[PDB]
Amino acid sequence: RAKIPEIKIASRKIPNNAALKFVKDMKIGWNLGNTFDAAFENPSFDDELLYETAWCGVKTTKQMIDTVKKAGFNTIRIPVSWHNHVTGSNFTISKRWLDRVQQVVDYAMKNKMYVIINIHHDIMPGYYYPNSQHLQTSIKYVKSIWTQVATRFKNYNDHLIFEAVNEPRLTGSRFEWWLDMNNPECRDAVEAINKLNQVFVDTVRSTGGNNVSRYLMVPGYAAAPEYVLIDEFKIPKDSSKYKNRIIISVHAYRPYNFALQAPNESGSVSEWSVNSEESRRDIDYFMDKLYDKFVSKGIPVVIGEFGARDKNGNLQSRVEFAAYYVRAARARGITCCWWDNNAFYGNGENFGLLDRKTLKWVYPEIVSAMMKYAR
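Calculation criteria
- Residues numbered from 1 in each chain as written, not as in the entry; some residues may be left out.
- Heavy atoms only, no water.
- Salt bridge = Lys/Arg side-chain N within 4 Å of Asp/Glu carboxyl O.
- Helix = DSSP H or I, 4+ residues; strand = E, 2+ residues; numbered from the N terminus.
- Buried < 20%, exposed > 50% of the residue type's maximum accessible area, 1.4 Å probe, protein only.
- Axes fitted to C-alpha atoms, helices over the stretch in contact; angles between N-to-C directions.
- Parallel < 35°, antiparallel > 145°, perpendicular 65-115°, else oblique.
- Left-handed = near helix turned anticlockwise from the far one by under 90°.
- Contact = heavy atoms within 4.5 Å.
- Nonpolar A, V, L, I, M, F, W, Y, C, P; charged D, E, K, R; others polar.

Looking at the method and resolution fields of the entry, one finds X-ray crystallography and 2.798 Å.

This model, assessed by the stated rule, comprises 19 salt bridges. Here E191 ties to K234 by a salt bridge, and the two come within 2.8 Å at their closest N and O atoms. Note that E191 is positioned in helix α5 (residues 184-206) and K234 in the loop between α6 (226-229) and β8 (246-251), a separation of 43 residues in sequence. The partly exposed category is assigned to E191, whose relative accessible area is 35%. As a salt-bridge pair, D284 and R332 come within 4.0 Å of each other at their nearest N and O atoms. Of this pair, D284 sits in helix α8 (residues 277-293) while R332 sits in the loop between α9 (315-330) and β10 (335-340), placing them 48 residues apart in sequence. Residue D284 shares its accessibility class with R332, and that shared class is buried. Several salt bridges share partner residues, and in doing so they unite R12, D284, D288 and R332 into one network.

Here we take up the packing of α8 against α9. At their nearest, the axes of α8 and α9 sit 10 Å apart, and the two run at 20 degrees to each other. In terms of orientation, α8 lies roughly parallel with respect to α9. Crossing of α8 over α9 shows right-handed handedness. Of the residues in α9, those touching α8 at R280, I283, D284, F286 and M287 are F321, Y324, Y325, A328 and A329. In the contact of α8 with α9, the residues fall into eight nonpolar, no polar and two charged.

Here's what the structure looks like:
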């Protein structure tokens, strides 16, 4: 038991173009997290398809996706980590692995849903790594994965979306999550991502079919709002006839201390209230900035990941949060996607909404709270 607040946020001026209507139509998204995104080295098993269930514990079925669709989500993001499923010098994706993803994509297409696929946890020297020392290999990798991926889904309609990569950053470095634009290693990465996103777009468009007119999502550094807001960030060019088809990809588990920060750290909070200037602040802050630079100039933005972890049964707070977040975004013309990883209890990051093994919504209160301000 938890009550859904009434959110009074002034609806803002949203330009009337194909892109923003497209994004509006996505309504709201649902991430199939801890699933195909799972990545780790030296598996001790022989079936690579077990990567699908290593972090969620259950194989995906069409009835799940059905359940997600009836609940009101019109988008499903299917994050993919590919690096554990390639061989050879030009990164050949396993047929079994690519087949299995397609099966799950067809689950959603059959549900007339919007679908997002990407490169996820492949951020790593030798695969995707945004700096000059590894650009040489990264371009080949972005090129190879996407030629393969875009070619198989060549004939799928515009309801299918390609997201270049999830949270590209300098892993292992002291700037992994934060940038010093005064530090040259940082400036190099931002430039490197601009390059890799452009390779991404060129590659997809070159494979023909409906990939020439498909909506593509691209992130800034670390998928942070900040690093698409900086001047250095470049929206990739398309010499094609299909205009305004690049969407800004951002992630924001904000306010951090409530949404994402672990409960055993001292600056965590379990409370969130719409009546608190403090709880609303960071949401207003970053969303205003994305709207000023992008949406308001006709350029589409999508929040691909967001959510709030369960902290010992703080349902009411998560409800007011979800409702406020989705409204604040919709009022600014932005569609969001919850990160649902089928995790509900324990000291892990419990972002679960749908018990996948029973098909019952553990927190329908949170879902309804989102559906209320999502159209």
